[PDB]
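Structure data follow from input_3.cif (mmCIF, C-alpha atoms and all ligand atoms):
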data_input
loop_
_atom_site.label_atom_id
_atom_site.label_comp_id
_atom_site.auth_asym_id
_atom_site.auth_seq_id
_atom_site.Cartn_x
_atom_site.Cartn_y
_atom_site.Cartn_z
CA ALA A 4 -81.93 72.04 -51.97
CA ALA A 5 -82.38 68.28 -52.49
CA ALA A 6 -80.97 68.69 -55.98
CA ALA A 7 -78.98 65.53 -55.20
CA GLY A 8 -80.26 62.02 -54.58
CA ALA A 9 -78.39 58.78 -53.93
CA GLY A 10 -79.92 55.46 -55.04
CA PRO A 11 -82.57 55.17 -52.27
CA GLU A 12 -84.43 51.84 -51.68
CA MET A 13 -83.96 50.34 -48.17
CA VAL A 14 -82.82 52.27 -45.09
CA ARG A 15 -84.38 55.40 -46.69
CA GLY A 16 -81.52 56.65 -48.86
CA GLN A 17 -83.77 59.04 -50.74
CA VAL A 18 -82.26 62.51 -50.48
CA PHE A 19 -78.64 63.33 -49.74
CA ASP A 20 -78.36 67.11 -49.90
CA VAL A 21 -75.12 68.33 -48.52
CA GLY A 22 -75.20 71.91 -49.63
CA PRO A 23 -73.21 73.24 -52.57
CA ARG A 24 -69.87 72.43 -50.95
CA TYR A 25 -70.05 68.68 -51.49
CA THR A 26 -70.79 67.32 -54.97
CA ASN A 27 -70.63 63.62 -55.90
CA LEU A 28 -72.87 60.60 -56.24
CA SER A 29 -70.90 57.76 -54.68
CA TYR A 30 -72.60 55.58 -52.13
CA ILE A 31 -70.36 53.59 -49.75
CA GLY A 32 -72.37 51.70 -47.14
CA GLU A 33 -74.96 51.87 -44.37
CA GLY A 34 -74.19 53.52 -41.05
CA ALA A 35 -75.93 52.68 -37.80
CA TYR A 36 -78.90 54.50 -39.32
CA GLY A 37 -78.19 56.37 -42.50
CA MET A 38 -76.45 56.18 -45.85
CA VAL A 39 -72.74 56.92 -46.07
CA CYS A 40 -71.41 58.39 -49.32
CA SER A 41 -68.20 59.81 -50.59
CA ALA A 42 -68.30 63.28 -52.05
CA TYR A 43 -65.95 65.88 -53.52
CA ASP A 44 -65.24 68.71 -51.06
CA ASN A 45 -65.21 71.69 -53.38
CA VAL A 46 -63.26 73.74 -50.84
CA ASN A 47 -60.43 71.46 -49.71
CA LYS A 48 -60.52 69.92 -53.19
CA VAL A 49 -60.44 66.32 -51.91
CA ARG A 50 -62.99 63.53 -51.60
CA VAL A 51 -64.49 63.09 -48.13
CA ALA A 52 -66.93 60.72 -46.43
CA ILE A 53 -70.37 61.94 -45.38
CA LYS A 54 -72.74 60.14 -43.06
CA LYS A 55 -76.44 61.02 -43.19
CA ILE A 56 -77.94 60.72 -39.71
CA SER A 57 -81.66 60.60 -39.17
CA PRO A 58 -81.74 59.99 -35.42
CA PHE A 59 -84.79 61.97 -34.38
CA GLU A 60 -87.42 59.18 -34.07
CA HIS A 61 -85.59 57.07 -31.49
CA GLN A 62 -84.30 58.23 -28.10
CA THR A 63 -81.49 55.67 -28.23
CA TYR A 64 -80.30 56.93 -31.62
CA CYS A 65 -80.30 60.51 -30.45
CA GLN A 66 -78.41 59.60 -27.31
CA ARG A 67 -75.71 57.75 -29.25
CA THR A 68 -75.56 60.54 -31.85
CA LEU A 69 -75.14 63.26 -29.24
CA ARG A 70 -72.58 61.29 -27.34
CA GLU A 71 -70.50 60.71 -30.45
CA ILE A 72 -70.71 64.27 -31.64
CA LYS A 73 -69.73 65.74 -28.27
CA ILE A 74 -66.78 63.39 -27.98
CA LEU A 75 -65.47 63.68 -31.55
CA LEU A 76 -65.66 67.47 -31.51
CA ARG A 77 -63.61 67.56 -28.33
CA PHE A 78 -61.00 65.08 -29.37
CA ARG A 79 -58.18 65.89 -31.71
CA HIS A 80 -55.85 63.03 -32.48
CA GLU A 81 -54.30 61.40 -35.55
CA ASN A 82 -55.71 57.98 -34.68
CA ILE A 83 -59.30 59.11 -33.92
CA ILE A 84 -61.66 60.05 -36.70
CA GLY A 85 -62.53 63.72 -36.66
CA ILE A 86 -65.57 65.64 -37.70
CA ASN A 87 -64.68 68.07 -40.49
CA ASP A 88 -68.14 69.58 -40.94
CA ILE A 89 -71.73 69.11 -39.91
CA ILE A 90 -74.57 69.97 -42.26
CA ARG A 91 -78.05 70.61 -40.85
CA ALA A 92 -80.96 73.04 -41.10
CA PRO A 93 -80.53 76.48 -39.52
CA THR A 94 -83.30 76.08 -36.99
CA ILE A 95 -84.42 73.30 -34.65
CA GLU A 96 -87.86 73.36 -36.28
CA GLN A 97 -86.41 72.59 -39.66
CA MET A 98 -83.74 70.12 -38.46
CA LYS A 99 -84.69 66.56 -39.51
CA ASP A 100 -81.37 65.06 -40.50
CA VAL A 101 -77.78 65.81 -39.72
CA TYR A 102 -74.84 65.10 -42.05
CA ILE A 103 -71.41 64.43 -40.58
CA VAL A 104 -68.43 64.99 -42.91
CA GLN A 105 -65.21 63.07 -42.16
CA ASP A 106 -61.93 62.21 -43.81
CA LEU A 107 -62.39 59.62 -46.53
CA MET A 108 -61.03 56.21 -45.54
CA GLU A 109 -60.30 53.27 -47.90
CA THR A 110 -61.65 50.55 -45.70
CA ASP A 111 -61.97 49.26 -42.14
CA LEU A 112 -60.18 46.45 -40.35
CA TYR A 113 -63.24 44.19 -40.52
CA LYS A 114 -63.37 44.32 -44.30
CA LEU A 115 -59.63 44.00 -44.58
CA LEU A 116 -59.52 40.89 -42.39
CA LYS A 117 -62.22 39.20 -44.45
CA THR A 118 -59.90 38.99 -47.41
CA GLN A 119 -56.33 40.00 -46.64
CA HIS A 120 -53.59 38.36 -44.66
CA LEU A 121 -51.69 40.92 -42.53
CA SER A 122 -47.89 40.84 -42.42
CA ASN A 123 -46.42 40.93 -38.93
CA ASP A 124 -45.25 44.44 -39.76
CA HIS A 125 -48.83 45.51 -40.49
CA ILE A 126 -50.14 43.84 -37.33
CA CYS A 127 -47.52 45.65 -35.29
CA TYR A 128 -48.26 49.03 -36.89
CA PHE A 129 -52.01 48.63 -36.63
CA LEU A 130 -51.77 47.61 -32.94
CA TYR A 131 -49.47 50.55 -32.27
CA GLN A 132 -51.97 53.01 -33.82
CA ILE A 133 -54.94 51.49 -31.97
CA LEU A 134 -53.09 51.80 -28.66
CA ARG A 135 -51.85 55.32 -29.46
CA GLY A 136 -55.44 56.44 -30.09
CA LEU A 137 -56.69 54.56 -27.02
CA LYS A 138 -54.06 56.28 -24.86
CA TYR A 139 -55.57 59.61 -25.78
CA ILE A 140 -59.13 58.42 -25.23
CA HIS A 141 -58.29 57.00 -21.79
CA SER A 142 -56.34 60.09 -20.92
CA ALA A 143 -59.60 62.00 -21.29
CA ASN A 144 -61.19 59.60 -18.79
CA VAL A 145 -63.29 58.21 -21.63
CA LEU A 146 -63.97 54.56 -22.39
CA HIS A 147 -64.81 53.61 -25.93
CA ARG A 148 -66.60 50.38 -24.94
CA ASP A 149 -67.16 49.04 -28.48
CA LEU A 150 -63.71 48.53 -29.98
CA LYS A 151 -63.77 45.99 -32.78
CA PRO A 152 -62.40 45.74 -36.29
CA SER A 153 -65.38 47.49 -38.01
CA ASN A 154 -64.71 50.49 -35.75
CA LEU A 155 -61.19 50.90 -37.01
CA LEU A 156 -60.90 52.76 -40.28
CA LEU A 157 -57.89 52.64 -42.56
CA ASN A 158 -56.78 54.81 -45.45
CA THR A 159 -54.78 53.80 -48.53
CA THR A 160 -51.51 54.19 -46.65
CA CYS A 161 -52.61 52.15 -43.67
CA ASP A 162 -53.21 55.09 -41.31
CA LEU A 163 -55.71 53.87 -38.75
CA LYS A 164 -58.47 55.85 -37.04
CA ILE A 165 -60.77 54.76 -34.29
CA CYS A 166 -64.43 55.47 -34.88
CA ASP A 167 -67.89 55.06 -33.30
CA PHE A 168 -68.14 56.55 -29.86
CA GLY A 169 -71.85 55.89 -29.55
CA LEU A 170 -71.40 53.58 -26.54
CA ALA A 171 -68.63 55.55 -24.89
CA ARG A 172 -68.81 56.58 -21.24
CA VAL A 173 -66.77 58.52 -18.71
CA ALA A 174 -64.77 56.05 -16.60
CA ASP A 175 -66.21 55.35 -13.17
CA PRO A 176 -64.40 52.49 -11.46
CA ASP A 177 -66.09 53.15 -8.10
CA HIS A 178 -69.42 52.25 -9.66
CA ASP A 179 -68.33 49.36 -11.87
CA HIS A 180 -69.82 46.52 -9.81
CA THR A 181 -73.01 44.73 -10.76
CA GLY A 182 -74.63 41.34 -10.38
CA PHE A 183 -74.17 38.22 -12.42
CA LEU A 184 -75.59 38.15 -16.00
CA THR A 185 -76.25 41.87 -16.17
CA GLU A 186 -77.35 42.83 -19.67
CA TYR A 187 -74.77 44.63 -21.78
CA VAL A 188 -74.97 46.57 -25.07
CA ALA A 189 -71.48 46.36 -26.62
CA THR A 190 -70.54 43.84 -29.26
CA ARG A 191 -70.54 40.34 -27.81
CA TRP A 192 -67.28 38.87 -29.21
CA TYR A 193 -65.18 41.70 -27.82
CA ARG A 194 -66.62 41.72 -24.26
CA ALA A 195 -64.28 41.12 -21.35
CA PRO A 196 -65.08 38.20 -19.12
CA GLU A 197 -66.02 40.38 -16.18
CA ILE A 198 -68.94 41.92 -18.11
CA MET A 199 -70.74 38.60 -17.67
CA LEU A 200 -69.72 38.24 -14.07
CA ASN A 201 -69.68 41.46 -12.15
CA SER A 202 -68.79 44.53 -14.24
CA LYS A 203 -70.78 47.32 -15.93
CA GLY A 204 -67.83 48.14 -18.21
CA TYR A 205 -66.98 51.44 -16.51
CA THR A 206 -63.21 50.90 -16.29
CA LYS A 207 -60.37 51.23 -18.79
CA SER A 208 -59.57 47.51 -18.60
CA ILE A 209 -62.71 46.84 -20.64
CA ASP A 210 -61.14 48.44 -23.70
CA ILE A 211 -57.80 46.64 -23.31
CA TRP A 212 -59.59 43.33 -23.49
CA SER A 213 -61.24 44.38 -26.75
CA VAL A 214 -57.83 45.39 -28.18
CA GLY A 215 -56.50 42.01 -27.21
CA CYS A 216 -59.31 40.34 -29.09
CA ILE A 217 -58.48 42.52 -32.11
CA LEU A 218 -54.81 41.54 -31.96
CA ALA A 219 -55.81 37.90 -31.92
CA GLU A 220 -58.12 38.47 -34.85
CA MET A 221 -55.29 40.15 -36.80
CA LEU A 222 -53.04 37.15 -36.19
CA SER A 223 -55.46 34.61 -37.66
CA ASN A 224 -58.21 36.46 -39.58
CA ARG A 225 -60.82 34.90 -37.30
CA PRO A 226 -62.41 36.14 -34.17
CA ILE A 227 -60.86 34.51 -31.14
CA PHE A 228 -64.01 34.27 -28.99
CA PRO A 229 -67.10 34.09 -31.24
CA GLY A 230 -69.79 33.50 -28.67
CA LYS A 231 -73.25 32.84 -30.02
CA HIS A 232 -75.07 34.26 -26.98
CA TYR A 233 -74.43 36.07 -23.77
CA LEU A 234 -73.05 33.31 -21.59
CA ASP A 235 -71.42 31.38 -24.50
CA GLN A 236 -69.03 34.29 -24.66
CA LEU A 237 -67.64 33.44 -21.24
CA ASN A 238 -67.26 29.76 -22.11
CA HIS A 239 -65.25 30.69 -25.27
CA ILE A 240 -62.95 32.80 -23.12
CA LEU A 241 -62.47 30.12 -20.48
CA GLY A 242 -61.92 27.54 -23.18
CA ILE A 243 -58.70 29.28 -24.12
CA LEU A 244 -57.55 30.96 -20.91
CA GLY A 245 -58.49 27.95 -18.79
CA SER A 246 -60.16 28.06 -15.42
CA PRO A 247 -59.41 31.10 -13.32
CA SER A 248 -57.07 30.68 -10.44
CA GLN A 249 -58.18 30.68 -6.88
CA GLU A 250 -56.76 34.16 -6.48
CA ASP A 251 -58.62 35.52 -9.46
CA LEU A 252 -61.82 33.84 -8.30
CA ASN A 253 -61.42 35.21 -4.83
CA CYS A 254 -61.55 38.64 -6.49
CA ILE A 255 -65.14 38.03 -7.57
CA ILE A 256 -67.10 38.66 -4.37
CA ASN A 257 -70.55 38.17 -5.84
CA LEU A 258 -71.72 34.66 -4.93
CA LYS A 259 -73.77 33.92 -8.02
CA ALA A 260 -70.87 34.80 -10.27
CA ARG A 261 -68.35 32.97 -8.06
CA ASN A 262 -70.43 29.85 -7.82
CA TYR A 263 -71.06 29.80 -11.54
CA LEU A 264 -67.36 29.70 -12.18
CA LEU A 265 -66.91 27.09 -9.46
CA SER A 266 -69.53 24.93 -11.13
CA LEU A 267 -67.54 24.61 -14.38
CA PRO A 268 -65.28 21.68 -15.11
CA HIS A 269 -61.61 22.44 -14.88
CA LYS A 270 -60.10 23.70 -18.17
CA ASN A 271 -56.40 24.03 -18.81
CA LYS A 272 -54.87 27.00 -20.67
CA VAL A 273 -54.48 26.64 -24.48
CA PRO A 274 -51.00 28.00 -25.16
CA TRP A 275 -51.03 31.03 -27.45
CA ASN A 276 -48.28 29.56 -29.58
CA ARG A 277 -50.50 26.64 -30.53
CA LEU A 278 -53.43 28.87 -31.41
CA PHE A 279 -51.11 31.16 -33.39
CA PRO A 280 -48.16 29.05 -34.57
CA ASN A 281 -46.98 31.74 -37.06
CA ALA A 282 -47.11 34.64 -34.65
CA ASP A 283 -44.18 36.67 -33.41
CA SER A 284 -43.38 35.56 -29.86
CA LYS A 285 -43.36 39.14 -28.55
CA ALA A 286 -46.84 39.66 -30.05
CA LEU A 287 -48.09 36.64 -28.10
CA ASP A 288 -46.53 37.89 -24.89
CA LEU A 289 -48.40 41.15 -25.28
CA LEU A 290 -51.57 39.32 -26.27
CA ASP A 291 -51.36 37.26 -23.11
CA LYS A 292 -51.13 40.41 -21.03
CA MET A 293 -54.12 42.02 -22.72
CA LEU A 294 -56.24 38.88 -22.50
CA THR A 295 -55.71 38.44 -18.77
CA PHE A 296 -58.81 37.25 -16.90
CA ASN A 297 -58.39 39.46 -13.86
CA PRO A 298 -59.04 43.04 -14.95
CA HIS A 299 -56.84 44.40 -12.19
CA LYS A 300 -53.86 42.39 -13.52
CA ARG A 301 -54.61 43.28 -17.15
CA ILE A 302 -52.04 45.51 -18.87
CA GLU A 303 -52.88 49.26 -19.15
CA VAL A 304 -52.65 51.14 -22.43
CA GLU A 305 -49.38 52.89 -21.67
CA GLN A 306 -47.72 49.64 -20.56
CA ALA A 307 -48.85 47.99 -23.74
CA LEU A 308 -47.28 50.81 -25.80
CA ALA A 309 -44.02 50.21 -23.94
CA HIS A 310 -44.06 46.45 -24.55
CA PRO A 311 -41.11 45.03 -26.53
CA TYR A 312 -43.40 44.04 -29.42
CA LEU A 313 -43.94 47.73 -30.16
CA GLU A 314 -40.37 48.93 -29.56
CA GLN A 315 -39.94 50.11 -33.17
CA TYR A 316 -42.78 52.56 -32.72
CA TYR A 317 -42.90 53.48 -29.01
CA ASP A 318 -42.24 57.12 -28.42
CA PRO A 319 -44.19 58.61 -25.52
CA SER A 320 -43.37 62.20 -26.55
CA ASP A 321 -45.24 61.46 -29.81
CA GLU A 322 -48.20 59.76 -28.13
CA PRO A 323 -50.27 62.71 -27.01
CA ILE A 324 -52.82 62.95 -24.31
CA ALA A 325 -55.92 65.02 -23.94
CA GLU A 326 -55.67 68.48 -22.51
CA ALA A 327 -58.25 67.67 -19.79
CA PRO A 328 -60.63 64.91 -18.77
CA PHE A 329 -64.28 64.87 -19.82
CA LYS A 330 -66.78 65.18 -17.00
CA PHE A 331 -69.77 65.94 -19.27
CA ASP A 332 -72.94 63.83 -19.10
CA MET A 333 -72.47 60.76 -21.31
CA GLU A 334 -75.41 58.85 -19.81
CA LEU A 335 -78.02 61.27 -21.17
CA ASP A 336 -80.68 58.95 -19.87
CA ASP A 337 -82.89 61.48 -18.05
CA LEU A 338 -83.55 63.72 -21.06
CA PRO A 339 -86.82 64.07 -23.01
CA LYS A 340 -86.68 63.84 -26.80
CA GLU A 341 -87.01 67.62 -27.00
CA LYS A 342 -83.94 68.28 -24.90
CA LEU A 343 -81.84 65.76 -26.83
CA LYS A 344 -82.73 67.36 -30.13
CA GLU A 345 -81.91 70.78 -28.70
CA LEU A 346 -78.51 69.56 -27.46
CA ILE A 347 -77.68 68.11 -30.88
CA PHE A 348 -78.64 71.43 -32.45
CA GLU A 349 -76.40 73.34 -29.99
CA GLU A 350 -73.48 70.95 -30.32
CA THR A 351 -73.47 71.34 -34.13
CA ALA A 352 -73.72 75.15 -34.22
CA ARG A 353 -70.03 75.79 -34.83
CA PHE A 354 -70.35 74.56 -38.42
CA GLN A 355 -73.08 76.94 -39.45
CA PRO A 356 -72.59 79.96 -41.64
CA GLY A 357 -74.98 81.53 -39.15
CA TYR A 358 -73.36 84.97 -39.31
CA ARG A 359 -72.42 86.06 -42.85
CA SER A 360 -73.17 89.13 -45.02
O1 LIG P 1 -69.05 55.47 -41.01
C1 LIG P 1 -68.43 55.11 -42.01
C2 LIG P 1 -67.33 55.85 -42.50
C3 LIG P 1 -66.89 57.01 -41.86
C4 LIG P 1 -65.74 57.73 -42.43
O2 LIG P 1 -65.26 58.85 -41.84
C5 LIG P 1 -65.14 57.29 -43.52
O3 LIG P 1 -64.10 57.98 -44.09
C6 LIG P 1 -65.61 56.09 -44.16
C7 LIG P 1 -66.69 55.41 -43.62
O4 LIG P 1 -67.11 54.25 -44.28
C8 LIG P 1 -68.12 53.57 -43.83
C9 LIG P 1 -68.51 52.43 -44.50
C10 LIG P 1 -69.59 51.69 -44.02
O5 LIG P 1 -69.96 50.54 -44.68
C11 LIG P 1 -70.27 52.10 -42.86
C12 LIG P 1 -69.88 53.26 -42.18
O6 LIG P 1 -70.53 53.66 -41.04
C13 LIG P 1 -68.81 54.00 -42.66
#

Output the file's structure in the form of C-alpha cells.
Ligand SMILES: O=c1c2cc(O)c(O)cc2oc2cc(O)cc(O)c12
Amino acid sequence: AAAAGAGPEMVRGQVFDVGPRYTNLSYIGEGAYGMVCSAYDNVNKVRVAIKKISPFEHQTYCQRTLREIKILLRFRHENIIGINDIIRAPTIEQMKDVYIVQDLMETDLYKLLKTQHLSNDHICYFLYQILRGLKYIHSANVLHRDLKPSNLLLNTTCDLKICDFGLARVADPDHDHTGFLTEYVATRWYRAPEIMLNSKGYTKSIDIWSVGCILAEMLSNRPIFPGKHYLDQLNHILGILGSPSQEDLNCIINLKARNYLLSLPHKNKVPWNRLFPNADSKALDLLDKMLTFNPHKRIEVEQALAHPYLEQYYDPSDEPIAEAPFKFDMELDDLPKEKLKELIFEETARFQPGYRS
C-alpha cells in the first residue's frame, strides 16, 4: 500500500510498507543499506524486527543479500538469527525492495560493550553461545568471515544470535593460499594474521581468530587489535603475541610474506594476565588457544566448546550440527544483475501467499 512511512531523511527511509500483517512506527537503526524498524506482528502477536533491503542498484549488495538469504533460510539454530518472513512484490517486474522479518532483539554486543561491564558469568555464557552457533555454521562447511560484536545480537534475557552472513563462503582449504598483502573485505580488527600474509580466509580457523578477538573485547570493553590500516593490523597482533617462532615462520612458504616477518624487530609475548588482570585464568587459557598465530595450531570450535572455561555449559548432545553441508554457489561472481535479481526472487518465494482463494 505505502500507507505507512517511517521518518525518512538520509539513507532513503521514505516508505516502509510491510503489508497488513506488521503495524508499528518504531525505527531502530540503519542496516548495511536500509532502515530497520520494529513492528507488531499481528499474527504471532509479538513485536519483531524488519529490515528494508533495497539492494537492486549494486551488484555487490545483491550478492551479499542473496548469500545471506540462502544461508539463513537453510540454517535453523537457536544461536543464529532466522528469517521469519520476507515481504516483496509478487513479480520480478514489480520487485524493488525486499523486507526481511526477524525476531526482535534488545541490542547487539557492540552496543552493550560501549557502556556495560560484563560479569565473568556473562562473558562465559556469551562465548558459549557464540561457539555453539559457530559449531553449527562450520558443520555446514560454511565460514562466517565477519564475526564481530555488532554481528552478535542479544535479547532481553541475554540469548545471543549470530547475524550477517553477507561475507560468508563455503570452506575451501585447498584453495586458501594467496600472496602477501592480498586485499580482504572483512572487518579489519577481527582479521587473523594470516589474512595479511598468505590466506584468502577460506578455512574455519579464520572464524576462531575472530571469536578470540571478541573474547578479548568482552574482557576489557576495548578491541584488542585496533589496526588503523591493512598492515597495522598485523603489527598490533605481533605486538601482543610476539614474534612468530621459527617453526611457525617456516610454515609460511611465500617469500615476500616470510621476509616481511623476518624484517621485523624481535617482540616478546605480552602475557595475557597482564593485559587482562581481572580475567578468569581459564578464560585466558582459552583465549591464548584461539589467538594462536599458526592457523593449523589454532583451536577448533568443538575443542573450544570442550575447554574447561566452558565446562558449566558444554553438552555436545545439545550443540546441534547441520543436517548436511552447503555446496551451493556462495561466490556468485559470474552472474549478471538480471540473474541475481531472479535468484533473490526465487529464494524468497516460500513466503508469498502466491496460492490462495
Ligand atoms: O539488522 C539489525 C537487526 C536485525 C534483527 O533481527 C533484530 O532483531 C534487530 C536488529 O537491530 C539492528 C539495529 C541496527 O542498528 C542495525 C541492524 O542491521 C539491525

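Between CA of residue 80 (chain A) and CA of residue 322 (chain A) the separation is 9.4 Å.
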
Using only C-alpha atoms and all ligand atoms, what are the residues with an atom within 6 Å of ligand LIG 1 (chain P), set out as an mmCIF file with C-alpha atoms, in the coordinates of the input?
data_model
loop_
_atom_site.group_PDB
_atom_site.id
_atom_site.type_symbol
_atom_site.label_atom_id
_atom_site.label_comp_id
_atom_site.auth_asym_id
_atom_site.auth_seq_id
_atom_site.Cartn_x
_atom_site.Cartn_y
_atom_site.Cartn_z
ATOM 1 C CA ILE A 31 -70.360 53.590 -49.750
ATOM 2 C CA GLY A 32 -72.370 51.700 -47.140
ATOM 3 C CA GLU A 33 -74.960 51.870 -44.370
ATOM 4 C CA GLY A 34 -74.190 53.520 -41.050
ATOM 5 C CA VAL A 39 -72.740 56.920 -46.070
ATOM 6 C CA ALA A 52 -66.930 60.720 -46.430
ATOM 7 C CA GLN A 105 -65.210 63.070 -42.160
ATOM 8 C CA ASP A 106 -61.930 62.210 -43.810
ATOM 9 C CA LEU A 107 -62.390 59.620 -46.530
ATOM 10 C CA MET A 108 -61.030 56.210 -45.540
#

* **Nearby residues (all atoms listed in the file) at most 12 Å from residue 348 (chain A), same-chain spacing under 5 positions excluded, as JSON, numbers by chain** => {"A": [59, 65, 68, 69, 72, 73, 89, 90, 91, 92, 93, 94, 95, 96, 97, 98, 99, 100, 101, 341, 342, 343, 353, 354, 355]}

Please write the residues from the selection above to a file, keeping C-alpha atoms, as a PDB file, in the coordinates of the input.
ATOM      1  CA  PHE A  59     -84.790  61.970 -34.380  1.00  0.00           C
ATOM      2  CA  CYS A  65     -80.300  60.510 -30.450  1.00  0.00           C
ATOM      3  CA  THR A  68     -75.560  60.540 -31.850  1.00  0.00           C
ATOM      4  CA  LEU A  69     -75.140  63.260 -29.240  1.00  0.00           C
ATOM      5  CA  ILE A  72     -70.710  64.270 -31.640  1.00  0.00           C
ATOM      6  CA  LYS A  73     -69.730  65.740 -28.270  1.00  0.00           C
ATOM      7  CA  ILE A  89     -71.730  69.110 -39.910  1.00  0.00           C
ATOM      8  CA  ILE A  90     -74.570  69.970 -42.260  1.00  0.00           C
ATOM      9  CA  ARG A  91     -78.050  70.610 -40.850  1.00  0.00           C
ATOM     10  CA  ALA A  92     -80.960  73.040 -41.100  1.00  0.00           C
ATOM     11  CA  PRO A  93     -80.530  76.480 -39.520  1.00  0.00           C
ATOM     12  CA  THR A  94     -83.300  76.080 -36.990  1.00  0.00           C
ATOM     13  CA  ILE A  95     -84.420  73.300 -34.650  1.00  0.00           C
ATOM     14  CA  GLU A  96     -87.860  73.360 -36.280  1.00  0.00           C
ATOM     15  CA  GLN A  97     -86.410  72.590 -39.660  1.00  0.00           C
ATOM     16  CA  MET A  98     -83.740  70.120 -38.460  1.00  0.00           C
ATOM     17  CA  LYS A  99     -84.690  66.560 -39.510  1.00  0.00           C
ATOM     18  CA  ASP A 100     -81.370  65.060 -40.500  1.00  0.00           C
ATOM     19  CA  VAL A 101     -77.780  65.810 -39.720  1.00  0.00           C
ATOM     20  CA  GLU A 341     -87.010  67.620 -27.000  1.00  0.00           C
ATOM     21  CA  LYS A 342     -83.940  68.280 -24.900  1.00  0.00           C
ATOM     22  CA  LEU A 343     -81.840  65.760 -26.830  1.00  0.00           C
ATOM     23  CA  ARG A 353     -70.030  75.790 -34.830  1.00  0.00           C
ATOM     24  CA  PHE A 354     -70.350  74.560 -38.420  1.00  0.00           C
ATOM     25  CA  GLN A 355     -73.080  76.940 -39.450  1.00  0.00           C
TER      26      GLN A 355
END

So that each row is one residue of region 190-261 of chain A with an atom at most 12 Å from region 302-309 of chain A, can you give its shortest atom pair and the distance in Å to one decimal, using only C-alpha atoms, rows by chain and rising number, as CSV?
residue,atom,partner,partner_atom,distance
A:206,CA,A:303,CA,10.8
A:207,CA,A:303,CA,7.8
A:208,CA,A:303,CA,6.9
A:209,CA,A:303,CA,10.2
A:210,CA,A:304,CA,9.0
A:211,CA,A:304,CA,6.9
A:212,CA,A:302,CA,9.1
A:213,CA,A:304,CA,11.8
A:214,CA,A:304,CA,9.6
A:215,CA,A:302,CA,10.1

* Structure fact -> Of A:131, A:296, A:78, A:331, the one sitting nearest residue 194 (chain A) when using all atoms listed in the file is A:296

Mind dumping a table of every region 91-203 of chain A residue within 12 Å of region 25-28 of chain A, with the nearest atom pair and its distance in Å to one decimal, using all atoms listed in the file, sorted by chain and rising number, as JSON lines?
{"residue": "A:102", "atom": "CA", "partner": "A:25", "partner_atom": "CA", "distance": 11.2}
{"residue": "A:103", "atom": "CA", "partner": "A:25", "partner_atom": "CA", "distance": 11.8}
{"residue": "A:104", "atom": "CA", "partner": "A:25", "partner_atom": "CA", "distance": 9.5}
{"residue": "A:105", "atom": "CA", "partner": "A:25", "partner_atom": "CA", "distance": 11.9}

* By how many Å are CA of residue 171 (chain A) and CA of residue 146 (chain A) apart? ->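 Separation of CA of residue 171 (chain A) and CA of residue 146 (chain A): 5.4 Å.
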
* Asked: Separation of CA of residue 300 (chain A) and CA of residue 231 (chain A), in Å?
  ->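 These two atoms are separated by 27.2 Å.
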